């Protein structure tokens, strides 16, 4: 069944004293389930072993109480009581013949060490990089350095006892004491661990050697290493210290795991990166080391993956997000079913939950982080109770499509109707806005699976009244009629219409989605939504030749993007396009050719010229038909009716897919 062009992806690879059955490798990625939610972690990782990944890796595994990103729950290996708990994780992974790796981590000056109210560590005192907590990262003694190597070595020993095949030395993401020691912007020491490169690399070398001596006979020792830091010009570049660290340690480890420093550049959103964007930065690594190299590039194309290997860029196809979206990517290629891959769209909604220290989710794969909590599998569904039962789904958005898909798979008779000429509801027009193109795979994935199933009927020019739905006499109606952007500026900090909101120069995202743009001149985009829709309209408008000012009541542009790791890229994008950024500012009133605004801190007022105004403040549900159907139910017709997605409540597309799956699994129980 497998096309032999992919044979190379399934060759085993020797990684020190162990071997992986294939080249599909799941790189360390946090799930925000810790020791506190073992079953979540177990069920999560099991699915990726089940799906045929040759290595499945545990995320940053804390080696000591002085290292956490609290309140994010992480694995821990700083105490023997954690061995048996993690042995279960290993067992659920090694069961399907995947290897089991663990990213042993010490966060240095990247976390507040709050869980055990401890002092975080640094080569040189500073507040933590990503935390405002009033706790300083302390300058460490030589005796503290000796203790740190003890912790690493001892955590490596604990990992061996747990049965991990691959034990990491972590120097990446600016979330490592080792990277802090490397970085001249952080290390200001004047002893033998500071000054010239030999001194700055000493801690990374001395650690790596200790772990190799500790567990190297039977466990492979991996290094995860940021070759370039793209955050600021710290001089940790692939040409400089990135290249030097490799050269110095080139054939010391059994595996080089290599990426770019700062998460926002590593887990690059599809708005700003495409596949194998890291190639230029890690390209050099295989010329320096004889050792197997694993890299990442949001790899989704099997031909991209083949090419990465053939052209000598990588030995191993590194993945996090692709493995989240399709735990089964490996088993589908192996079955000649690469057409059925569920492709990551790079929305970083997985990132967002994890950076609000909550359980992981996926826009594409609702099962991600629900394996234990809900009993949801990536591919398998319970058989349809009474297969002859029929369901009418009203709405061609991601909610509708996910419900139809899910019911179809269980084996039910499924009809789906939409009023438009193209499947995707809100995504028909959203996917055509600048840098939102990849989000169309939410629609494509589901259409392509649905239209090859004989139990599914797809009607694409079918606006339905309440009469039409009764007539059809389905056993169950799901209403997924989506929502609309409203235009009175109400939805977050305004309960009351903004004065002048009904002036004809005032627009909503609906107009921009329909390509009805102001001809030119100045335009104010007012963001009370705090996600991508306002930043995206701004981009669209600047590119049409309008002078855009982006205005929010929030302290930061598009606040939620702190969590999708897009803030720094949206801002840089806006600076480059000469899009004005105004913050901590509300609109008092809208006049014919200007808006009055107020600064929130102190109420300093201002007039801004504005030939047009886009209000991005929230969505209102299209739920009339759903209420007509409940009112309509006389006992005779439509006894079973539910609503799902934006028509139930507005939210990110991930929520439309979650509702869709939930309806699909709950029906008939």
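Numbering follows the first chain given and starts at 1.
Asks: Name the higher of the two by mean Cα B-factor in the PDB entry, 371-379 versus 194-202.
Replies: Comparing averages over the C-alpha atoms only gives 194-202.
Asks: Please compare 224-232 with 269-277 and name the stretch with the higher mean C-alpha B-factor in the deposited structure.
Replies: Stretch with the greater average CA B-factor: 224-232.
Asks: Select one of 133, 356, 493, 363: the residue whose C-alpha shows the highest B-factor in the crystal structure entry.
Replies: 493 has the highest C-alpha B-factor of those listed.
Asks: Take the CA temperature factors straight from the PDB entry and tell me which of 318, 559, 471, 397 peaks.
Replies: That would be 471.
Asks: Where does the C-alpha B-factor of residue 144 rank in its chain, lowest, middle or highest third?
Replies: As the PDB entry reports it, the C-alpha B-factor of residue 144 lands in the highest third of its chain.
Asks: Considering every modelled residue of the chain and its Cα B-factor in the PDB entry, is residue 446 in the lowest, middle or highest third?
Replies: Middle third by C-alpha B-factor.
Asks: Which third, lowest, middle or highest, does the C-alpha temperature factor of residue 627 belong to within its own chain?
Replies: For residue 627, the deposited C-alpha B-factor lands in the highest third.
Asks: Test of reading the entry: by CA B factor among the chain's modelled residues, which third contains residue 522?
Replies: It belongs to the highest third of the chain when residues are ordered by C-alpha B-factor.
Asks: Sorting the chain's modelled residues by C-alpha B-factor, tell me whether residue 347 ends up in the lowest, middle or highest third.
Replies: Residue 347: CA B-factor falls in the lowest third of its chain.
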